[PDB]
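Just below is one structure, and these are the notes that go with it.
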Amino acid sequence: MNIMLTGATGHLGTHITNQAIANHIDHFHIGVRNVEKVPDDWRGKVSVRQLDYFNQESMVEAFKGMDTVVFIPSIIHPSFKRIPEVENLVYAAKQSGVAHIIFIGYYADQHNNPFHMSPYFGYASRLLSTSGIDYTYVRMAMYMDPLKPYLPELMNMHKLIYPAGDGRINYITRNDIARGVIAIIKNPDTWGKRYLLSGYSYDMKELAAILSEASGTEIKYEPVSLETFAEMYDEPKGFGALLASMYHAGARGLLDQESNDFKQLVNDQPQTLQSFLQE
Amino acid sequence: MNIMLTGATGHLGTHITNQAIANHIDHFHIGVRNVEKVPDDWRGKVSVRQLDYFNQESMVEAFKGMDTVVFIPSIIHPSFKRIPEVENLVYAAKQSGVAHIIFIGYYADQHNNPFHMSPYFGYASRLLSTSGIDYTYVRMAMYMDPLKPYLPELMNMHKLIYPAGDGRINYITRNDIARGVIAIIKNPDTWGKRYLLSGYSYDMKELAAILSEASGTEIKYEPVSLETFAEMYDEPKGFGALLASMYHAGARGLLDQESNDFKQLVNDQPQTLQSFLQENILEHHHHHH
Ligand SMILES: [Mg+2]
Ligand SMILES: [Mg+2]
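Those sequence lines, one after another, are chains A and B. Anchor point for the first sequence: position 205 equals 205 in the deposited numbering, and the numbering is continuous, going up by one each time. Anchor point for the second sequence: position 242 equals 242 in the deposited numbering, and the numbering is continuous, going up by one each time.
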């Protein structure tokens, strides 16, 4: 069974690829926009194919002979600019006879979720449904990973300023999301179902406490306005409002989502934020 | 408070506009692609502006001075081709200062709904949410109206062929959808909420029985394959599979959706299919002199 992982060199893709190599998964292929940008450590361990998300032809060719495609959305924004990649995914899958698609989606996708990328995720799930192709839709919670590099700034401000009100947000590490996806890949009896890979939920007060003990510095939750947040983090342009909208969704309580899918798939509990930061 | 209804000359739009005129709604404007298709009786009762959904500046211009926009989606397909519609709606609403948007969406919009236009409706709802503009999302069930002009063919085959399996599909007249929309427009206290305008759910067996006693001819439910249905109704190109996907969603039980919103909004019961067809004696293919 030929597996094709797109966006393999991105953050999540790197975790999935390294785990697939470590587990010696057979017939594993990766797609990258420019083949020269493949880690030397992967050379000879995985099959490489050129694949550009915004070049329909490249995806049609990259999918030839593939049985299962694991698709990782890009970071392009806003939703209108990202939509073409999912259109290309479905077009290429149909053209090249792909039998199964594992789509990695984000959990901020409700009909009333204000996160700027929610339209893309709502559209993707539905487009897959209309395609007639078997698909496993894996929704993931918010990445824990970004918190580590953010510590320096947090310790400096001595304040957690996410405009998330009193909402509870569920977090999970990329490593764990990857463990779930690999488990799905290895067991076809899990295909065709909808999953939510969640870790643990924390309100911002509890988050600040976890960050405080981890950094040994005192960090208190003192949220700034949505406008102030967007304005001080608007880089690149338009990113500010988008990031703010994500926490705004949390304030509305739309990010307090949990399931035991991780445990049922990996037969283990997700790594806690304390363990992650301590690591 | 200036109200603007887009796509006013369409089937549903005509119902809404005539009802708005009957209810004496003032400050009522309409946005149409072809002003020459506007009924003469509408002259002096509503203000007419020309609009092209797929031309951003056309939408921006049409929305200048408007406070509430009631948007009726086009029939363009597939989803990727219709999307620009909602993008322009939001862009123009912001640019021209529209304070509220009443969006008329279709109920075949769940995350797992196979209907070809589900991506568009899922995208539209979410885009409105991300816009920051106040809005009222009105979802409608399946139109009963198309059944009348279709009877002739059904009578000929003596069979209802919708590939909907044993699923139940909720139906409602355009007249009733319009009454619900008008009720919302007239009372701003109903704004900002999500509504479902439903009528009655019928499995295909009951639908056939209704059409049979209404037509006077025997019509049994003998559904054809999804491929066959798309083939005998593929006009324009692509529409065939789209129509089939709609009934396929019904086969999965995704179209049996009901709510009490119509009754709570209009303070009345929706019109049944039997009543709708009984509106006028059906034209028989034979003479009765
Ligand atoms: Mg590159
Ligand atoms: Mg299959």
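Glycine included, each C-beta is placed from N, C-alpha and C at the ideal position.
Residue environment for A141 of chain B: buried (at least 16 other C-beta atoms within 10 angstroms of its C-beta). Within 10 angstroms of the beta-carbon of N88 of chain A lie 16 or more other beta-carbons, which makes it buried.
For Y123 of chain B, the residues of chain A that pass the 7 Å Cβ criterion are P119, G122 and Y123, in the order they occur in the chain.
The continuous beta strand (DSSP E) containing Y195 of chain A extends over residues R194 to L197. If you check the CB distance, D67 of chain B and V46 of chain B do not come in under 8 Å. If the five residues before and after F115 of chain A are omitted, its C-beta is found closer than 7 Å to the C-beta atoms of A108, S245, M246 and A249, all from its own chain and listed in chain order. With fewer than 16 other Cβ atoms inside 10 Å of its own Cβ, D41 of chain A counts as exposed.
At least one heavy atom of ligand 2 lies closer than 7 Å to the C-beta of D134 of chain A. Per DSSP, the continuous beta strand (DSSP E) segment holding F28 of chain B begins and ends at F28 to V32. Its Cα nearest to that of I133 of chain A, the residue A:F103 stands out among A:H77, A:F103 and A:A164. Note on the stretch 131–217 of chain B: whole alpha helix (DSSP H) runs with a minimum of 4 residues are 147–157, 174–186 and 204–215, in chain order.
Proximity of the stretch 178–196 of chain B to the stretch 151–168 of chain B falls short of the contact definition, fewer than three beta-carbon pairs being nearer than 8 Å. Per DSSP, the beta-bridge partners of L5 of chain B are B:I30 and B:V70.
The set of residues with CB atoms less than 7 Å from any heavy atom of ligand 1 reads, in chain order, A:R33, A:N34 and A:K37. At least one CB atom of chain B sits nearer than 8 Å to the CB of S245 of chain A. Judged by DSSP in its simplified three-state form, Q110 of chain B adopts coil rather than helix or strand. Using a 10 angstroms sphere on the CB of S225 of chain A, the tally of other CB atoms stays under 16, which defines it as exposed. Under the three-pair Cβ rule at 8 Å, the stretch 75–90 of chain A counts as touching the stretch 116–126 of chain A. Under DSSP, the beta-bridge partners assigned to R43 of chain B are B:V46. Within a 10 Å sphere around the beta-carbon of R43 of chain A sit fewer than 16 other beta-carbons, which makes this residue exposed. With its beta carbon less than 8 Å from one in chain A, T130 of chain B belongs to the interface.
Taking the Cα positions, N34 of chain B is about 50 Å away from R49 of chain A. Here the stretch 264–279 of chain A makes no contact with the stretch 53–69 of chain B; the two share fewer than three CB pairs at distances below 8 Å. In this structure, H77 of chain A keeps its C-beta atom at 8 Å or more from the C-beta atom of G240 of chain A.
Taken through DSSP and simplified to helix, strand or coil, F80 of chain B comes out as helix. Judged by DSSP secondary structure, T14 of chain A falls within the alpha helix (DSSP H) whose first and last residues are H11 to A22. From the listed residues B:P188, B:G180, B:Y200 and B:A214, the smallest Cα separation to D261 of chain B is found for B:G180. Not a single heavy atom of ligand 2 lies less than 7 Å from the C-beta of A93 of chain A.
When DSSP states are grouped into helix, strand and coil, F103 of chain A belongs to the strand group. Along the stretch 67–80 of chain A, the positions whose C-beta sits under 9 Å from a C-beta of chain B are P78, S79 and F80, read in chain order.
Residue nearest to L151 of chain B within the set B:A20, B:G105, B:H27 and B:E213 is B:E213 (criterion: CA-CA distance).
The residues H27, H29, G65, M66 and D67, in chain order, have a CB closer than 7 Å to that of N2 of chain A in the same chain once the five nearest residues on each side in sequence are set aside. Short note on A230 of chain A: C-beta not closer than 7 Å to any heavy atom of ligand 2. Judged by their CB atoms, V70 of chain A and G105 of chain A are not nearer to each other than the 8 Å cut-off.
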